[PDB]
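Participant: The structure is given below, and queries will be raised subsequently.
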Amino acid sequence: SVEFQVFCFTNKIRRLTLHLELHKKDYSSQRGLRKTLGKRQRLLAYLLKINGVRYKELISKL
Amino acid sequence: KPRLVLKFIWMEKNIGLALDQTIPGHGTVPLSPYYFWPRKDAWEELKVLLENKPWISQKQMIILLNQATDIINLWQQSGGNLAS
Amino acid sequence: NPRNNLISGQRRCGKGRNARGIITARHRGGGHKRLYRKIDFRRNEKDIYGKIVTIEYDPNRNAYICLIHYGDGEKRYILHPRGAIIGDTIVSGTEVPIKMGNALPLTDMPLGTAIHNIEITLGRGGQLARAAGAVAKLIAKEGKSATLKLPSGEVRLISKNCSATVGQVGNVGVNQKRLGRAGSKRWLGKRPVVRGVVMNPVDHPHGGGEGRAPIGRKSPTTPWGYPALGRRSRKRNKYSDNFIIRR
Amino acid sequence: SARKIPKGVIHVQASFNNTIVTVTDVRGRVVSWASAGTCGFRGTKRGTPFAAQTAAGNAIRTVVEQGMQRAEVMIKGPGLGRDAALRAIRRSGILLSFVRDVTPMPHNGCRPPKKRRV
Amino acid sequence: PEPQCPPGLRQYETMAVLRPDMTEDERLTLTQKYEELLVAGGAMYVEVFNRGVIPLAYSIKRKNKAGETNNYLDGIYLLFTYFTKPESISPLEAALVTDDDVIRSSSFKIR
Amino acid sequence: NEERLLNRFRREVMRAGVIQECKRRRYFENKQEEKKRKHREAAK
Amino acid sequence: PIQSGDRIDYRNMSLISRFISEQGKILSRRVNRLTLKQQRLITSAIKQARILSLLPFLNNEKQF
RNA sequence: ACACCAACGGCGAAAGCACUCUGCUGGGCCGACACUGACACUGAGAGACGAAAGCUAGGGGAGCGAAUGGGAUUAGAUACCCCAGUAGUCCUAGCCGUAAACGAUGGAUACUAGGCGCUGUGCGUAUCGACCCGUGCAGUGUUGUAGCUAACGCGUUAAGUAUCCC
């Protein structure tokens, strides 16, 4: 299941970001946010590598 | 849990205290450790060995320590005097 | 809402300096009219709530003031503390719980608390620690006194039945608001001060001769002859209420 | 004089280069103190077991106006002055109830100063 | 019986020691502030049971409201096996620090 | 009383060697590995 | 030994105080002969009970 | 600042991290096929973090303590010793971006004796419950075969055999 990985990582970045911006100095979870961004980004380049229209739907969903 | 023997020896210069210890619910073999002629601590060495065991109950550790203490005590008095 | 009919109008004219007309508080004059704000120091309405609706800039102060209403029909101004959420409710009284913004007498409260507006005796309006960040703490209390560390590094046992507005008073950032326009000193009604070396011997005791004159006297003095370093200007027997100067 | 009660604590500040033998009552008003610097000799000699013996002897020889039976000793600190002091009090042999240590055992409070490099 | 509700929120247990003097308004008023917790928490609040007063090791420093007087050797050992949202535990800490008859209140989170 | 010394004997339980340890400076793992390696091997 | 099934809490002052000395200080794993997990868990529990003044931080020295 | 606990121990990518408790939150490990189906590795330039000392701004300042000052040793002593002791040490917000930042060992995968250990989980035995034995893995350590090495040594966590990338 791929779109649950992208969507799940998106909610991960939402909850972790609204953690981090009202907190502002945790330099440990910064790596977690950046590993999630990079991991999701290699997924988006993967599904963009496979398809057009379907990845256009992944952009249009979020 | 078997039960226990300190053996002391007094010769004028030198104490030895020798702690022979015994088994808990876990089958173990102690020696008798003999603590030695130089001024290096006998009670601390003995008691610490017992505490390191936990295999020794408090009553057991204490009774042997009391006997050990008594001999070190007699030894100190004889060394300060000449008893022999 | 300006022109509150609480700005109280008539004053003594600007930043005055005249006793009989002689300059007696030096370097004063200039600026705007600076119409004062009659604010409510001594809260004479206890155990009735009141919201906060406006943080107005008082030109008489270093800090801001705020307009507070009531459940009854009144309007007052009080010093708002740090943390004055707009719309937040303050209430004076004897048993009112501790909140950043309300007032209570100095007995019914714990020790070790940030309070700005305290009274030195009963009946007065408000004396101590009311500047733009002046915060007074409490050391433990006594039978009829209370040792209070006020923001000078100075402790003072005080009468325990004195009103006190608990909170750290806001507008702290005037520690760093620079006057770098270099004529903004004159906008506050503060004329430039001349220096003692560059005056004449009829005016200042350090009226010199040729060149940048060294200070000449055994001690640097005021323009009226008293030594201006270390000489404590305090009457030897006034109160004996302070514990240690701690300065 | 004093309260005239023959029980009282003895404290032995055994320093690394000195000893102090003080003796006081239960409340803490000292009835006598005598140290190694008290009993005559002073310098590198003070703080040796002969100074502990002489300082303890000249300390508790002057409590014979009390004649304290029930003694209890509360020593403190490191040094070569402990064991000679306890042999001195047991030499006077008065009813030494219990000796004890009250040495300050810190829980990493302050930084102790530089190592000596001598 | 306790694993019924912890779908949704958390589980705790607060240890709080008390004054040894009073016997009245001690089971009462501290259960009333437990009802203040009930306004806060509202979950399976059970087993708030009391433990007998015994001599503790060493305690000073009551800090009454302007008292700062009483040393102690004894104290009533309350412990609340309560159950709440993880939000609003710090106000339970302030409630169990500021009140007079509660000193040295350490909460925990049993698993 | 007899001339027996159990305060020295009991003293080596928690030795006064935690006070000759704490006279000189707080220093890190070089001398804590020397003193605590020699001390972890003195009790074994 | 002495695990006794129920977990070690500050409320269990039976197996706790078999682990401290009468001088009141925590004994190591090789003395108490437990696992690492038992040792750390009684460590945190003992220091909790140290907060509640159930246990002394120092016991006054005694003779005779 | 956090004694005993403290262990040749646990975690972090490194630097680092230990009085306890709570809250938010990262990361790891293990199982079942529960799902997708190569989404993988490395990474120029780039970006982040980055002990200590240092600097800007404001607090705070007990101990320790460069500089400094006095005493001593000394031919001399700006040094080791001793007594005072300022910046600093701590905290807030930044800057600085270096260390023997060391495992003196970039990362990743696959394969190649064992012994003795520790930590985490999994299965079976044993009891029916804590043990206890073997093990399946992952990580950490110590001796060590083969092989490599100028030698010392390293040796399944290679400095072995190969492949890739800087």
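Starting from 1 in every chain, residues are counted up; chains themselves are A, B, ... following the order of the structure tokens, and ligands are numbered from 1 as listed.
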Name the residues of chain A that come out as helix (DSSP H, G or I) in a backbone DSSP run; write them as a ChimeraX atom specification.

Facilitator: /A:3-20,29-50,53-61

Participant: Excluding region 70-82 of chain E and any residue of its chain fewer than 6 positions from it, enumerate the residues within 8 Å of it, using only C-alpha atoms (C1' of nucleotides), and give them as a ChimeraX atom specification.

Facilitator: /E:11-20,43-62

Participant: Store the residues of this selection in a file with N, CA and C atoms, as an mmCIF file, in the first residue's frame.

Facilitator:
```
data_model
loop_
_atom_site.group_PDB
_atom_site.id
_atom_site.type_symbol
_atom_site.label_atom_id
_atom_site.label_comp_id
_atom_site.auth_asym_id
_atom_site.auth_seq_id
_atom_site.Cartn_x
_atom_site.Cartn_y
_atom_site.Cartn_z
ATOM 1 N N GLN E 11 -3.178 6.165 32.250
ATOM 2 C CA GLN E 11 -3.287 5.616 33.598
ATOM 3 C C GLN E 11 -2.141 6.135 34.451
ATOM 4 N N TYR E 12 -2.428 6.524 35.696
ATOM 5 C CA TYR E 12 -1.408 7.065 36.586
ATOM 6 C C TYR E 12 -1.612 6.527 37.991
ATOM 7 N N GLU E 13 -0.778 7.006 38.916
ATOM 8 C CA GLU E 13 -0.935 6.740 40.346
ATOM 9 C C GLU E 13 -0.123 7.765 41.115
ATOM 10 N N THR E 14 -0.788 8.626 41.877
ATOM 11 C CA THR E 14 -0.108 9.696 42.597
ATOM 12 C C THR E 14 0.123 9.318 44.053
ATOM 13 N N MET E 15 1.370 9.413 44.487
ATOM 14 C CA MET E 15 1.728 9.273 45.886
ATOM 15 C C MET E 15 1.834 10.656 46.507
ATOM 16 N N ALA E 16 1.108 10.878 47.600
ATOM 17 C CA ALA E 16 1.131 12.161 48.294
ATOM 18 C C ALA E 16 1.155 11.917 49.793
ATOM 19 N N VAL E 17 2.039 12.604 50.504
ATOM 20 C CA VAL E 17 2.135 12.428 51.938
ATOM 21 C C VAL E 17 1.512 13.654 52.589
ATOM 22 N N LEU E 18 1.083 13.501 53.835
ATOM 23 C CA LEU E 18 0.185 14.471 54.450
ATOM 24 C C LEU E 18 0.732 14.960 55.778
ATOM 25 N N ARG E 19 -0.052 15.809 56.436
ATOM 26 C CA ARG E 19 0.287 16.146 57.802
ATOM 27 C C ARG E 19 -0.094 14.985 58.715
ATOM 28 N N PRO E 20 0.592 14.828 59.845
ATOM 29 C CA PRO E 20 0.197 13.801 60.812
ATOM 30 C C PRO E 20 -0.809 14.271 61.843
ATOM 31 N N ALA E 43 -12.747 9.733 34.798
ATOM 32 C CA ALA E 43 -12.570 8.354 34.360
ATOM 33 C C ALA E 43 -12.604 7.427 35.562
ATOM 34 N N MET E 44 -12.189 6.167 35.390
ATOM 35 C CA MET E 44 -12.300 5.171 36.454
ATOM 36 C C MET E 44 -11.346 5.506 37.584
ATOM 37 N N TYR E 45 -11.851 6.366 38.457
ATOM 38 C CA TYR E 45 -11.118 7.119 39.453
ATOM 39 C C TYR E 45 -10.898 6.335 40.730
ATOM 40 N N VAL E 46 -11.091 5.021 40.686
ATOM 41 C CA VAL E 46 -11.259 4.187 41.868
ATOM 42 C C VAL E 46 -9.949 3.990 42.608
ATOM 43 N N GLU E 47 -10.051 3.367 43.784
ATOM 44 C CA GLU E 47 -8.929 2.881 44.590
ATOM 45 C C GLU E 47 -8.011 4.029 45.013
ATOM 46 N N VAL E 48 -8.586 4.902 45.822
ATOM 47 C CA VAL E 48 -7.948 6.125 46.269
ATOM 48 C C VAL E 48 -7.501 5.908 47.701
ATOM 49 N N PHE E 49 -7.172 4.657 48.008
ATOM 50 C CA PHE E 49 -7.129 4.184 49.374
ATOM 51 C C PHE E 49 -5.959 4.790 50.133
ATOM 52 N N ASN E 50 -6.060 4.702 51.446
ATOM 53 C CA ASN E 50 -5.159 5.357 52.369
ATOM 54 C C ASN E 50 -4.204 4.334 52.959
ATOM 55 N N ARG E 51 -3.027 4.803 53.337
ATOM 56 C CA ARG E 51 -2.044 3.976 54.002
ATOM 57 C C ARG E 51 -1.741 4.603 55.356
ATOM 58 N N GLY E 52 -1.406 3.759 56.330
ATOM 59 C CA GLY E 52 -1.233 4.229 57.690
ATOM 60 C C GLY E 52 -0.040 5.154 57.846
ATOM 61 N N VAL E 53 -0.131 6.025 58.839
ATOM 62 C CA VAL E 53 0.934 6.977 59.123
ATOM 63 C C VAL E 53 2.073 6.262 59.843
ATOM 64 N N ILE E 54 3.291 6.445 59.342
ATOM 65 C CA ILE E 54 4.484 5.825 59.915
ATOM 66 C C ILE E 54 5.592 6.865 59.955
ATOM 67 N N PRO E 55 6.608 6.665 60.799
ATOM 68 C CA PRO E 55 7.772 7.559 60.744
ATOM 69 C C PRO E 55 8.543 7.390 59.448
ATOM 70 N N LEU E 56 8.722 8.499 58.743
ATOM 71 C CA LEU E 56 9.521 8.527 57.530
ATOM 72 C C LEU E 56 10.992 8.702 57.908
ATOM 73 N N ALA E 57 11.853 8.917 56.915
ATOM 74 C CA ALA E 57 13.276 9.013 57.215
ATOM 75 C C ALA E 57 13.640 10.390 57.749
ATOM 76 N N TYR E 58 13.484 11.422 56.925
ATOM 77 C CA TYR E 58 13.880 12.776 57.292
ATOM 78 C C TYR E 58 13.051 13.755 56.476
ATOM 79 N N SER E 59 12.380 14.693 57.143
ATOM 80 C CA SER E 59 11.690 15.754 56.421
ATOM 81 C C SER E 59 11.737 17.041 57.218
ATOM 82 N N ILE E 60 11.876 18.146 56.491
ATOM 83 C CA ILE E 60 11.842 19.509 56.995
ATOM 84 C C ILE E 60 10.814 20.235 56.120
ATOM 85 N N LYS E 61 10.656 21.547 56.325
ATOM 86 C CA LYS E 61 10.229 22.499 55.295
ATOM 87 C C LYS E 61 8.809 22.223 54.789
ATOM 88 N N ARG E 62 7.854 22.451 55.688
ATOM 89 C CA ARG E 62 6.440 22.386 55.327
ATOM 90 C C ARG E 62 6.088 23.410 54.256
#
```

Participant: Output the contact residues of chain F with respect to chain B at a cut-off of 9 Å, based on only C-alpha atoms, as a PyMOL selection string.

Facilitator: chain F and resi 2-6+9-14+43

Participant: Just to be explicit: take each residue in the selection above, keep N, CA and C atoms, and write the result as a tab-separated table (two decimals), in the first residue's frame.

Facilitator:
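The file below, selection08.tsv, is the result:
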```tsv
chain	number	residue	atom	x	y	z
F	2	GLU	N	38.22	-3.40	75.52
F	2	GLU	CA	39.54	-3.92	75.20
F	2	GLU	C	40.05	-3.17	73.98
F	3	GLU	N	41.33	-3.34	73.66
F	3	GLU	CA	42.02	-2.49	72.67
F	3	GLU	C	41.73	-2.86	71.25
F	4	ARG	N	40.63	-3.52	71.02
F	4	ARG	CA	40.17	-3.86	69.71
F	4	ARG	C	39.60	-2.69	68.93
F	5	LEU	N	39.91	-2.62	67.63
F	5	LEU	CA	39.46	-1.52	66.78
F	5	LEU	C	38.54	-2.04	65.68
F	6	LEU	N	37.25	-1.84	65.87
F	6	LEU	CA	36.24	-2.18	64.88
F	6	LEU	C	35.73	-0.97	64.13
F	9	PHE	N	37.95	-1.21	61.17
F	9	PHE	CA	37.54	-2.42	60.50
F	9	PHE	C	36.21	-2.26	59.79
F	10	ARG	N	35.28	-1.60	60.46
F	10	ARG	CA	34.01	-1.24	59.85
F	10	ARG	C	34.18	-0.08	58.89
F	11	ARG	N	35.26	0.68	59.02
F	11	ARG	CA	35.43	1.88	58.22
F	11	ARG	C	35.73	1.54	56.77
F	12	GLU	N	36.37	0.42	56.53
F	12	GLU	CA	36.66	0.02	55.17
F	12	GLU	C	35.43	-0.49	54.42
F	13	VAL	N	34.24	-0.53	55.07
F	13	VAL	CA	32.99	-0.81	54.36
F	13	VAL	C	32.68	0.26	53.36
F	14	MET	N	32.60	1.47	53.83
F	14	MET	CA	32.58	2.63	52.98
F	14	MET	C	33.81	3.42	53.40
F	43	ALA	N	38.28	-5.46	43.55
F	43	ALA	CA	37.13	-6.14	44.14
F	43	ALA	C	36.73	-7.38	43.34
```

Participant: Excluding residue 41 (chain G) and residues on its chain fewer than 2 positions from it, collect all residues at most 12 Å away from it, counting only C-alpha atoms (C1' of nucleotides), and give them as a list in words.

Facilitator: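 Using only C-alpha atoms (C1' of nucleotides), the neighbours found are residues 3, 7, 8, 9, 10, 16, 19, 29, 34, 35, 36, 37, 38, 39, 43, 44, 45, 46, 47 and 48 of chain G; 5 of chain H.
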
Participant: If you take only C-alpha atoms (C1' of nucleotides) and a cut-off of 12 Å, which residues of chain H touch chain A, and what are their nearest atom pairs and distances in Å to one decimal, in chain and number order, as a tab-separated table?

Facilitator:
```
residue	atom	partner	partner_atom	distance
H:12	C1'	A:28	CA	9.2
H:13	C1'	A:31	CA	9.5
H:24	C1'	A:19	CA	7.0
H:25	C1'	A:29	CA	6.8
H:26	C1'	A:29	CA	4.5
H:27	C1'	A:32	CA	7.9
H:34	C1'	A:1	CA	10.6
H:35	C1'	A:1	CA	5.2
H:36	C1'	A:1	CA	4.5
H:37	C1'	A:1	CA	9.7
H:38	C1'	A:46	CA	10.0
H:39	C1'	A:46	CA	5.5
H:40	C1'	A:42	CA	10.7
H:47	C1'	A:34	CA	10.6
H:48	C1'	A:31	CA	8.5
H:49	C1'	A:27	CA	7.3
H:50	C1'	A:27	CA	11.0
H:93	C1'	A:25	CA	11.6
```
